[PDB]
Structures are given as structure tokens and as C-alpha cells.
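Here you'll find one protein chain in two forms, each presented separately as C-alpha cells under the names structure 1 and structure 2.
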Structure 1
């Protein structure tokens, strides 16, 4: 019975990045500006973030009165029409909705057109703390809140692939997964757009699976609760040892869970989300019992 703290959404006059602010060296101006029209349907309003795949735009949808949408870059034959069909067929309150897939000559790769989620990301919430990490019981609460969205994908034979604090948005008293473009079928072929430091080691060689999604849940939960060593711009593999982490010495069952979720061998992890949820509830109770 986790009660997530209500996060008030930011006002509309604070959604866009200010175009008159100087940019950090190495970043190019947005290719679309306010007033541009994409695919004779979306009226560009501005940018909300600059990600690894480029700028991320906000726009008005003419087909539905008052609808505001995100234009996010798609990653690079006939199955492509079937995969886009599946993404628009996803129906779950914990997953951002996909409305369309469009092209524009000014932005190579095209856009996915998706619902805008107002709240801040879990990475933003971590940054709001003096040590840059969340309270362990609260981080577990966030993980438990996104497990239904993950298990829904798994029941459809697909995986999220790129779970990490920056693409989980906390709005009101809920969380939404927002990285729709990363979803693939279980066992899909081709390059999987996970993130090094979060992705399971076997994805590049055997493809993604429910087990590899479990792995990203464990790494995400670790990144939310403790500083993690970095090696060449990548979170180092493994969970820190209890002998080096006072947090993990305090909650040894939390360490055991993180280690099991991120075991090298996929056969040594949790088999599915429900099996992980059960152990998460137990760890949360042991944590609340030791602390209080």
C-alpha cells in the first residue's frame, strides 16, 4: 500500500526552454521553432529538452481540439508498419500514449507523436536532493508503481529495454514510462536502444527478454538510492559491496535484491515482474521495520 507524494505539475508558462539563453558549448540550435507546421497537423511551440537523440519538441495537434503533443525523434521493411501499429495499440495508464508517426525534411529520422507528461522525471527528483539520491522506501515505492506498466508490456510479449530514472515521469501521484520508441518484442533482432550502465550484458548477444527488463529495474533502483561508481562515462557494472556502503549494510535484504535483479546470468534473476514485486514488498517492510 504505497502512497506516492503528490507532485504538482509545472505551469504552462514554464514548459519550454528559453530560446534566448546561451547554450553549453557543443549544442546546436533547434531545427524547428515556434510557428512551424509539421505534417500539416502539428504546430510547433518550442523545445522541452535536448536529449541524446536530439531536440524534443512540443506541439498542438489540429485533429483533436486542445491536444498538446510531444514530437520525439524516431530511431533508424514492412514490419515497420506493423511495429508502429503495435506502439499505437498499447493501452495502459502507466505508459505514455502514441498517436502518430510522421516525417519532416528538416529533421532526419522523423518523429513519434506522443502524449505530453507534465511532471518531472525520477532523475530530476534525485537531483533535488543534497546527495542526489532518493530515500530508499520512496525509491522502492516508485519502482512498485511502474511494475504494472512493465508487466503489461511483458504480457504482450514485448520489453521496455531502456528503463532508467530520466524516462520515468512522476505526475501527480502516479508514474508514466515515456520511452515508447525503445520498446521491442521479446527476442527482437537488430540493435536495442538501451543505455550502457543499465542494460543487461546478454542483450547485445541474445536479444532482449523479460529478464533483461528485470535487470534494468534493478539498475534503476540502484541509481535511485545510492551514488554509483562511473567508468568512462558509464555506470560501472555490479552493485557496490556492503563493506563499502553504509546503506547496504543497514538493509542487507535490499542488497540481496539488487544483486539478484542484476545477476550476470539471466537464469539467476527474477523470472518475472510479479516475482520481483513480492520480494520488493518484503524488503520494503524490513526497511520500514529497521528504520522505525
Structure 2
């Protein structure tokens, strides 16, 4: 139920860093946890700067240092679960470390070398991908979402910017947003992509299904933005020539983003069947 994605050449190592909101707390050459030699920063996020480093213990390995969200037994089990995720469509978690210069500590994860799907969209004149390519990217990441779901776990923050296209693959990079199905407390989704029921009922496979539909919509068509947030709903075929030509695609997007979670696709496999069917229709005509 997957297709062939174009090969995306990774960036050379001498082109991975940006030029440094506040100044970074670490700079090139700094040694973290006596294992990681800092190379620089690759982005500034809500948790502060996100660093790139050499892992000295593993030959050739480049890692990402990202701030962690600041009862040891429970925290130990959650860290071991992240570390043991085996699926190649998900970024690897290598370590969880502290540092006297960064109070919150770092999660140490695999550096995925490639553009995000948002980056690919921004390189187009219409700011969107061709519909067959966007569907192919979603089909490619569905095994990774399902791997989590079948282990009682959800990704919560799927959006074009945390799916990275590398080589002929895509990887999910947002390990920090993962929670158990039905987890209590505040869930770190993104408004405009997150399902409406999460803030009151907790996350579920159905709320992940919702973010997949919003992500696919964002990859393929312009979406109205209100106050920095993608407005709710799917554009109408009356307003979108893409949807008027592919009415089954419009229907799929509405079902995946149904206000009532019970009306959405029940799991990733049900979504894949219809999604691959929409693609074959588009490629047939």
C-alpha cells in the first residue's frame, strides 16, 4: 500500500547549521555529557535552541539535542519506551541527558538529513505539492503512525513541518509529542491541526486520524488562515478546482477530519485503503 518516492539528496555536513529569540547557550566545540561534541544549532524552537552534535561513541553519528519538558519510576518507563521504538519511519531516540548550562536537559535523537514536507511545499509557486506526490508522502508515513497506534500510543502533533523527506523515505521527528492513548493532562498538538475533542477528551487513534487529514489538506491546497491558525474545515469544491475535479478526495478529507471522532476512519489501515484508492483514481484519469 505504498508507492515510490523521489530520492532527496541529503545536505552535506558543511551546510547543516544556521547562523544564530535569545543567544544559544551552547556553541561549536562544547562537550555535552562527555559524549556529544556540539557543532552548532539547526533551529530555534519553543524549548529554546535545537543543537547538532557529533556522538563520539558511535563512529560517524550526527545527533540532535532537543530540550526536554521539565516519580522517577514512571519517567524511566516512558524513556525506555521511546528508546526501544524500532520502526524506521520514526526518528530514533538515543539518550536523555542533563547539562549544567541547559537546566531542562536534552533528548538525544537521530538527525534526519532532509527538508521537511513544509519546506518542499514552500519551494513551489502555489505553496503546495502536486496531489499525487502529497498522497504518496502520507501513504509512506502511515506504517509509522500505525506502529505507534498498535502499541497504544499516538503521535499527537502530525503536521508538514515534522515529517522529513530523506533519501526515498520520510521520518516522523516529533518524539516529544508522543503520548499514550487517552493520556491525561495537557497534550502538545498544534492548533489548526489538532482534533477539536482532544482538549476535553484526551488523545486517541481518531485524533491522530484527524491530524493526518489536516496534514494532507495542508500539503495539497491553500487553506484559510485566521489569527495565525488554519481555519477549521476543508475548502469547498465550490472554491477549490482541485476538490471539484477529485470529489472522492474531498470526501476523504472531510471524513478524516469529521467533528465527531466516531465518523472518522477507524484506524490507519481503513484510511490507507481509501487513500490508495483515491490515488489510483487520480492516476487513472
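Basically, rigid core = biggest C-alpha set you can superpose within 1.5 Å across the two forms. Numbering follows the first chain given and starts at 1.
S.K.: Can you tell me which of these residues, 149, 217, 107, 169, is the one whose C-alpha shifts by at least 2 angstroms between structure 1 and structure 2 after a rigid core fit?
M.R.: With the rigid core superposed, the residue that stands out is 107.
S.K.: Tell me whether residue 48 is among the residues that move between structure 1 and structure 2 (Cα shift of 2 angstroms or more, core superposed).
M.R.: No, residue 48 moves less than 2 Å.
S.K.: After aligning on the rigid core, report the distance the C-alpha of residue 95 travels between structure 1 and structure 2, in angstrom.
M.R.: The alpha-carbon displacement, core-superposed, is 0.3 Å.
S.K.: Rigid core superposed: how many angstrom does the CA of residue 66 shift between structure 1 and structure 2?
M.R.: C-alpha shift for residue 66: 2.6 Å.
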